[PDB]
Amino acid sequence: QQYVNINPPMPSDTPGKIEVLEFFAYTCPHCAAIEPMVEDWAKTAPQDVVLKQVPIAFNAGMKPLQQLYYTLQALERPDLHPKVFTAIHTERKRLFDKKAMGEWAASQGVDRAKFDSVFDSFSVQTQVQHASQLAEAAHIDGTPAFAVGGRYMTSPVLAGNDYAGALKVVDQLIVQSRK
């Protein structure tokens, strides 16, 4: 009813843990709205569950925003991740290409040369490719969306058009994923 099956199931990337993938995009207003609720949910999630946030690209212009996510993670600035949403949606900053992104990161204390180097790195390119591979295998059709255990997919729309309802379904799917 409030979720769909992923067939064939996706293989697990975290032994002994149930993976929850939140597929998101920085440009998605609902991803921005749900982000603090996801961060709060992650604080109380079961210890055998791991949350991964996976940036997606439905058109090629979204690929720099995938690179931005993995660049901030590689620079060990996860504090800047929620601030990207705020900068784009509340402060109306146009953080849509590498140049604007690097200027914004530099204003946040990131060395510009390191940002630019990491943004172009093979490691980031591989993570972006993997993010799009995961979205393809999970049969993504919008954001925000949640894949649970590599086997089930839900979203606020599927869970009765409600953010908290989506996370309640995620909780139900976690129990199901343990069998």
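Residue numbers here begin at 1 and follow the sequence given.
- Once the C-alpha B-factors are averaged per stretch, 94 to 102 and 70 to 78 rank with 94 to 102 first.
- Averaged over CA atoms, B-factors in the entry run higher in 10 to 18 than in the other of 163 to 171 and 10 to 18.
- Ranking 148, 110, 49, 56 by the C-alpha B-factor listed in the PDB entry places 110 at the top.
- By the numbers in the PDB entry, the CA B factor is greatest at 120 among 120, 141, 136, 39.
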